[PDB]
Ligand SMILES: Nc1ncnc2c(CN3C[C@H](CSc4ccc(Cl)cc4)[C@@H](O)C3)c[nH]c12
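Presented below, as structure tokens, is a lone chain in the form solved without the named molecule.
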């Protein structure tokens, strides 16, 4: 047996973890044991792979040298679901939550009240997407423990979260695979062995996120929107079809150029009204993550813009400073995909807009309509606003691309 939180009881947490790791060693498939042996030798790279694997092409994912290892570890973790919640502990960089500065330097002991409040202001009323494998701790780190940052996450993992305790040489660790968003409910300044740490109370918030699994995403999309066409009036159905058949160009350029004001077109305004009522007809039924490969123009840039070169670190820094924690508005209807995978149509696009669509938002899986050029498409309403929570970067071949963690906000 175990409590939900081992708290500072390291001895009881380590005994339970060791007993659990030895027990689970008997549940593992040879391929899982094999992937675990690779993890012990290459944890850093396998964990980083597990974060961004799903932004590559399907064939790049399949052929990746770490893909087999990823899938086996994911499998092993999923087969050891907790029957009740578990509070876990891990150190985190403040940069993870778009606090792109030090809370305090490693050799400093104090965290100023100023810094503490600023960090609170940065993380409050935001959800942040957490992805990838992570070695966590079952107890609050004390004196004898490694404390690599000033930020200690105290995360409540809900019931049915996969957890994989495993022995490594003479040590024992617990692996999770992150695939949810977190909310930082409260922060407190604590003292551990003569130094200040921020202990962040974090909750898990779920979102249906298919990542690279486009076929499952398509099954969900078709399940929820196969009958959507039939719920539309003759006018709504005609304007949705005209939009999808290429009418998006005239509609969206009219919206982008602020035509409703500058050169009013009531015929175009009516189609917009119709497609909007169409999108409101069967609202997105669950919190859903979608992906949009964005062009530079959506972020006030061009292909030749020096600022669009994210291979230069100062350009990511300038992009984050401008957009992180800000709201992004689209006057046009926004096409997105339930899949995160790269696609040839948007092969060169450097910005991946990763949107959390809250349950009940306008939206429709247009790809439920047969014979459409759109790839696993979810259309979002014109004029939508997106709060940017965090921006990350990753290497796609030799090109640095951005992952924009955004939430559709009303």
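Residue numbers count along the first chain shown, from 1. For clarity, a rigid core is taken as the largest C-alpha set superposing within 1.5 Å between two forms.
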Next item on the list: For the higher mean C-alpha B factor in the entry, choose 215-223 or 83-91.
Entry: 83-91
Next item on the list: Please work out which of 226-234 and 146-154 has the higher mean CA B-factor as recorded in the PDB entry.
Entry: 226-234
Notebook entry, point to check: Among 45, 375, 67, 32, which carries the highest Cα B-factor?
Noted result: 375
Next item on the list: For the C-alpha B-factor as written in the entry, point me to the maximum among 354, 385, 40, 27.
Entry: 27
Check: residue 132: which third of its chain by C-alpha temperature factor?
Finding: lowest
Check: Is the Cα B-factor recorded for residue 20 in the lowest, middle or highest third of its chain?
Finding: middle
Notebook entry, point to check: So where's residue 266 on the chain's Cα temperature factor ranking, which third?
Noted result: middle
Check: Compared with the other modelled residues in the chain, in which third is the CA B-factor of residue 162?
Finding: lowest
Note to self: Ranking every modelled residue in this chain by its Cα temperature factor as given in the entry, which third contains residue 281?
What the structure shows: highest
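Beyond the structure shown, there is the form deposited with the named molecule bound, which is absent from this document and is the topic of what follows.
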Next item on the list: Place the named molecule, as positioned in the deposited complex, onto this chain through superposition of its site C-alphas, and say whether the site is open or blocked according to the 2.4 Å backbone and C-beta criterion (3 or more atoms for blocked).
Entry: blocked
Notebook entry, point to check: Might residue 376 be said to contact the named molecule in the deposited complex, defining contact as any heavy atom within 4.5 Å?
Noted result: yes
Note to self: Residue-level contact is defined here as any heavy atom of the residue lying within 4.5 Å of the named molecule in the deposited complex; does residue 345 satisfy this criterion?
What the structure shows: yes
Notebook entry, point to check: So in the deposited complex, does any heavy atom of residue 271 sit within 4.5 Å of the named molecule?
Noted result: no
Check: Quick one: does residue 292 come within 4.5 Å of the named molecule in the deposited complex, counting heavy atoms only?
Finding: yes
Notebook entry, point to check: Of these, 225-233, 318-326, 332-340, 75-83, which stretch puts a heavy atom within 4.5 angstroms of the named molecule in the deposited complex?
Noted result: 332-340
Note to self: Quick check on this chain: which one of 382, 53, 349, 66 has a heavy atom within 4.5 Å of the named molecule in the deposited complex?
What the structure shows: 349
Note to self: I want to make sure I read this right: if the two forms are fitted on their rigid core, which of 329, 249, 107, 125 has a C-alpha displacement of 2 angstroms or more between the shown form and the other one?
What the structure shows: 107
Check: Is the C-alpha displacement of residue 57 equal to or greater than 2 Å between the shown form and the other one once the rigid core has been superposed?
Finding: no
Next item on the list: Please check if residue 32 moves between the shown form and the other one, taking a CA shift of 2 Å or more relative to the superposed core as movement.
Entry: no
Margin query: Please state whether residue 373 has a C-alpha shift of 2 Å or more between the shown form and the other one, with the rigid core used for the fit.
Written below: yes
